[PDB]
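Asks: Let me begin by handing over the structure; questions about it come next.
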There are 4 protein chains.
Amino acid sequence: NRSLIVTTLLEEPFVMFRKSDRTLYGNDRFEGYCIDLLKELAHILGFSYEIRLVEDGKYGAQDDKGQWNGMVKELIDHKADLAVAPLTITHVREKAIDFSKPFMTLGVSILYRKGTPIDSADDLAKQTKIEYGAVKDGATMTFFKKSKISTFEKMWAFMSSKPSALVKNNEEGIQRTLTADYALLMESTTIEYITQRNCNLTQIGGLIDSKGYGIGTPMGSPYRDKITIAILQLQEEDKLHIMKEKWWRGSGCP
Amino acid sequence: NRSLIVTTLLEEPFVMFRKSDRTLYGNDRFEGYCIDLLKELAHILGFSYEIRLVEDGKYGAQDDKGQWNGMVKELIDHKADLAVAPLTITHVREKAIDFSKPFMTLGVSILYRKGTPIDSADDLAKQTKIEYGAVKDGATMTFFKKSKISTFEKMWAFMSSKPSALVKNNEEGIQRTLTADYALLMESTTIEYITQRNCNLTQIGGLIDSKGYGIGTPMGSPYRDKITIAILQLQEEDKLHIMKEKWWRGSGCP
Amino acid sequence: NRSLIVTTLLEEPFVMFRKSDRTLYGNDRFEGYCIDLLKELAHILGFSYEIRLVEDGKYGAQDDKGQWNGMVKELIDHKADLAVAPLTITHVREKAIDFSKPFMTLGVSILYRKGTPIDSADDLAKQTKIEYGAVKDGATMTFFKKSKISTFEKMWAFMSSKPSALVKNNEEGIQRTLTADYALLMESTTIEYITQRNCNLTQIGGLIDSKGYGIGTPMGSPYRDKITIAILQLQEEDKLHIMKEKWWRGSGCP
Amino acid sequence: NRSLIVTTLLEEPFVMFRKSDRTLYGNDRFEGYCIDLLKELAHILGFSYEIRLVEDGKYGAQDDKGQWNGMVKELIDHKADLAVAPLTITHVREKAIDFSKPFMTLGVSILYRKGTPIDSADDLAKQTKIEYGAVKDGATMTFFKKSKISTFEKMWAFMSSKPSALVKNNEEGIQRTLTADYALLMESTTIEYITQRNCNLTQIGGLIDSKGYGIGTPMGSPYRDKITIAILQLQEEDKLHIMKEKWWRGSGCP
Ligand SMILES: C=C(C)[C@H]1CN[C@H](C(=O)O)[C@H]1CC(=O)O
Ligand SMILES: C=C(C)[C@H]1CN[C@H](C(=O)O)[C@H]1CC(=O)O
Ligand SMILES: C=C(C)[C@H]1CN[C@H](C(=O)O)[C@H]1CC(=O)O
Ligand SMILES: C=C(C)[C@H]1CN[C@H](C(=O)O)[C@H]1CC(=O)O
Ligand SMILES: [Cl-]
Ligand SMILES: [Cl-]
Ligand SMILES: [Cl-]
Ligand SMILES: [Cl-]
Ligand SMILES: [Zn+2]
Ligand SMILES: [Zn+2]
Ligand SMILES: [Zn+2]
Ligand SMILES: [Zn+2]
Ligand SMILES: [Zn+2]
Ligand SMILES: [Zn+2]
Ligand SMILES: [Zn+2]
Ligand SMILES: [Zn+2]
Ligand SMILES: [Zn+2]
Ligand SMILES: [Zn+2]
Ligand SMILES: [Zn+2]
Ligand SMILES: [Zn+2]
Ligand SMILES: [Zn+2]
Ligand SMILES: [Zn+2]
Ligand SMILES: [Zn+2]
Ligand SMILES: [Zn+2]
């Protein structure tokens with residue numbers, strides 16, 4: 001039947017333009033962990049597909065009227081059949097779209113320069129010299145905004161007061177940490193990737209929550225269950241382990 | 001948006017009437033491995049259900065017209081939503097209904113009294129003194145009726161021949177094995193259950209084939225993949241092997 | 001073109017010294033689930049073998065230098081061809097040796113005396129009165145040492161803390177659970193075996209994770225896939241669940 | 001690494017040139033059951049490949065000096081890494097090349113015009129009016145040539161005396177049966193395919209032996225074991241059933 005439309009977004013090492021001299025077109029343009037995962041899903045389920053980068057370049061957040069943007073909006077409006085990305089499974093997004101079981105588990109943590117006394121979210125929260133923030137309107141910022149834990153309520157109050165503390169995307173955030181006394185609240189699997197390529201950066205503390213990435217589908221999708229079975233199959237075969245090693249392997253870095 | 005109809009059949013230790021002083025009603029009438037399984041599936045998937053025994057007491061097979069009976073036919077006619085029983089997954093039945101992934105492995109084997117020279121299906125096929133057969137309109141009968149293997153064609157010709165060789169149910173086949181010079185072709189997990197309680201009976205040879213029991217649904221039902229997902233969860237929690245041990249142990253023979 | 005060296009460890013009911021009046025020698029010294037498995041594997045694949053106990057009595061873990069010990073290290077150094085034991089398949093060990101497909105499922109769970117309010121790992125982590133730990137340099141210890149989950153990090157901090165909390169082996173952990181206010185984090189199939197023989201002990205909560213035992217080989221060994229093929233055959237013949245039932249049944253507690 | 005060379009041979013519905021107006025080239029030229037199977041193997045094992053039709057257009061037989069031809073010879077000479085075809089697993093070929101476990105099971109049977117008194121190999125063998133034969137130097141002719149069964153010794157004597165009784169390929173054989181009083185000894189899975197498209201042809205009798213098709217590799221191939229595991233995986237997932245239904249579905253024919 002018709003090829004499924006896959007909405008996605010550039011984010012290293014999940015989805016990237018592969019290197020080439022000639023101008024690549026169509027699906028051939030892309031590589032990365034999520035691309036490999038998509039190829040597995042397409043084979044297991046037996047579908048053809050066309051990858052389309054989400055127009056507004058966003059994952060999905062609600063405005064002050066409840067309207068969604070990004071990949072989440074693309075699924076809601078049935079402009080795409082699947083979202084294949086590091087799309088964080090959150091309760092609020094589950095109200096609007098369906099997710100497969102997670103293909104990767106992670107948690108919010110801290111990216112910061114190496115060799116520092118800072119050791120935790122508590123240390124950052126109880127001072128003002130070192131600035132810190134998160135990707136604006138991302139799943140992380142949302143976690144802080146909703147938190148009722150004391151340390152995280154204070155940190156959120158800190159990000160709310162300075163609009164400049166938040167960053168537009170991971171790239172801006174990582175460079176902030178490299179060019180200023182700045183700590184980025186960031187999903188741990190990206191921190192893992194970054195710290196293995198930048199030896200002067202490190203993760204501070206542990207994971208302050210636990211969450212996963214899943215394949216997004218519109219609510220009532222005829223593919224969501226089959227996708228979950230496929231991911232379970234891949235995990236049982238150690239394929240998601242192999243796939244992550246393939247794409248996270250970098251440098252390295254003590 | 002309604003309770004599911006579950007069709008099933010009495011068959012020890014999968015489904016039985018609970019022993020009680022007072023009259024029991026509804027789903028509470030039943031206990032057994034399949035009843036415990038059904039409760040786990042209903043918890044995971046969040047559905048209410050109503051259990052019914054299939055009227056004609058058959059699992060299912062086709063006539064010359066190609067028309068089905070029994071549990072399979074109840075699913076075909078959309079008279080039940082799930083068949084939860086020792087319903088053998090066969091390639092023949094797959095053309096008519098859908099099955100979840102298997103929840104239990106079994107294979108055809110032989111039930112016969114101990115203390116004889118008989119050691120395999122080939123030994124039975126060689127001769128005519130010892131009679132043999134299977135349950136009528138069950139998967140084992142169909143295996144023999146459809147087999148292209150020479151030994152099994154020969155055995156089918158014999159069962160087919162003798163009028164009483166195909167028994168009504170396991171109770172009758174077991175009794176015939178006990179009272180006459182008769183071997184019953186029977187699924188291995190029932191043999192396991194019986195030979196642990198009746199020390200004068202034994203399994204002859206190994207498995208003649210290898211397959212499984214699955215939850216049946218009408219073809220195309222969206223529940224088939226949900227049930228598979230629930231079975232996968234139960235396997236990860238290792239609840240299935242524990243559930244089998246609960247209903248199969250321990251009695252024993254010297 | 002030579003007999004295989006099989007490394008293993010005494011561990012009931014997987015591998016034990018047979019009870020006999022006269023002195024037994026060589027492979028004939030041993031019995032148990034893993035010994036029965038090994039005989040099936042050797043029949044299918046047609047190899048002769050020689051069983052040896054690993055000298056340092058350990059399954060395997062890495063030090064700060066990243067160097068391995070125990071059964072894993074015996075495979076790493078090509079001192080044995082197969083490790084046939086309750087050797088837990090872990091993603092950490094997969095970097096150093098190869099495993100067949102699993103022959104048995106297990107997960108980490110909790111062994112503790114009956115008649116308490118404790119109901120989960122979270123209950124143990126909340127407090128300090130009841131002590132807890134695991135077998136030293138085993139998969140369960142490494143799970144906790146490497147965990148990024150908050151509850152399990154907290155538990156690791158506690159085990160790590162107390163000096164005697166990490167026990168030498170299962171015999172010692174079981175005895176500590178029997179004699180002190182202590183809970184042992186232990187693999188579920190050993191808990192199953194123990195709580196069926198010691199009616200004053202019980203499993204607390206469910207599985208904390210889910211994995212399996214596999215046959216280990218040196219990395220790159222061509223036997224790894226042959227062993228997997230033999231395990232697949234045994235599963236088709238349904239010999240594995242029967243073999244487990246043989247070595248796990250039946251005793252019982254009121 | 002290097003792409004594997006796959007040797008194969010045109011034979012409907014296993015391997016065929018797919019219909020096209022433009023001249024197709026490379027792997028794109030081909031379709032059929034064996035092509036689908038190859039695609040599965042390439043994905044599961046993770047290899048790239050190039051399909052090459054065996055130059056001499058033969059499967060593999062030995063001359064009167066022991067030298068092989070066909071796909072078997074291609075593997076023996078390491079001119080191909082895999083043979084993917086309806087290549088019959090026979091003991092004599094196992095001496096020269098390695099096979100995976102079978103992906104399809106079949107047996108020698110009889111193709112003949114419909115509505116005839118003929119019912120068996122015995123009926124043909126005990127007369128001379130109706131001629132019969134097999135593909136020259138195929139696995140079937142070989143079976144008859146080696147047979148020590150009486151009925152098949154007589155039939156072989158019959159094919160040995162008339163060199164004209166044997167046919168060059170299946171096409172010549174099927175047309176013989178349609179244009180002359182001629183019965184073809186033929187592998188049953190091809191008979192199945194043919195009789196569902198030619199309503200005036202039918203299979204006479206049952207299967208007179210039992211055998212399988214397997215993926216051929218050179219002896220000592222580093223892929224044979226992985227290929228066997230892949231086929232076992234496919235079977236457990238009902239994929240070989242689905243694949244056969246896909247390609248054998250024709251007409252139909254009462
Ligand atoms: C901006 C990125 C890359 C995404 C990725 N997952 C989160 C999401 O799905 O919202 C975002 C990151 C974050 O909020 O820390
Ligand atoms: C008659 C019973 C108990 C059932 C069980 N499974 C098979 C079925 O689903 O047809 C039947 C047994 C058999 O045919 O040996
Ligand atoms: C110490 C034993 C008995 C072994 C068994 N499997 C685990 C292993 O392979 O490391 C160990 C147990 C554990 O760590 O809970
Ligand atoms: C001539 C064909 C098509 C092949 C197919 N398998 C057998 C082989 O591998 O030799 C041959 C047929 C036969 O002998 O009946
Ligand atoms: Cl695009
Ligand atoms: Cl009823
Ligand atoms: Cl020793
Ligand atoms: Cl070619
Ligand atoms: Zn794959
Ligand atoms: Zn729509
Ligand atoms: Zn929902
Ligand atoms: Zn699993
Ligand atoms: Zn629950
Ligand atoms: Zn319906
Ligand atoms: Zn099937
Ligand atoms: Zn058990
Ligand atoms: Zn054997
Ligand atoms: Zn070696
Ligand atoms: Zn792994
Ligand atoms: Zn059992
Ligand atoms: Zn596939
Ligand atoms: Zn060579
Ligand atoms: Zn060989
Ligand atoms: Zn199977």
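Along the chain as shown, residues are numbered 1 onward.
The backbone N, Cα and C atoms fix where each Cβ goes, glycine too.
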Asks: Among D:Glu12, D:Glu31, D:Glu187, D:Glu192, which residue does Swiss-Prot annotate as binding L-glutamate at the site that also has D:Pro86, D:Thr88, D:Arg93, D:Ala139, D:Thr140?
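Replies: L-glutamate site check in Swiss-Prot: besides D:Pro86, D:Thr88, D:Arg93, D:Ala139, D:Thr140, the record includes D:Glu187 out of D:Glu12, D:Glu31, D:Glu187, D:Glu192.
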Asks: Other than D:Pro86, D:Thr88, D:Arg93, D:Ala139, D:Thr140, D:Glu187, which residues of the same chain sit close to L-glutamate? List them in sequence order, counting a residue when its Cβ is within 8 Å of the Cβ centroid of the site.
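Replies: Apart from the listed residues, the neighbours are D:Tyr59, D:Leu87, D:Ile89, D:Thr90, D:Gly138, D:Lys211, D:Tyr213.
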Asks: Cα of D:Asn200 (N-linked glycosylation site) to Cα of D:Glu187 (L-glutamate binding site): how many Å, rounded?
Replies: 18
Asks: If you count Cβ atoms within 10 Å of each one, which of the recorded positions D:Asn1, D:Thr140, D:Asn200 comes out on top?
Replies: D:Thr140
Asks: Nearest by CA distance to D:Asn1 (N-linked glycosylation site): which of the binding-site residues is it, out of D:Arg93, D:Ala139, D:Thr140, D:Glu187?
Replies: D:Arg93
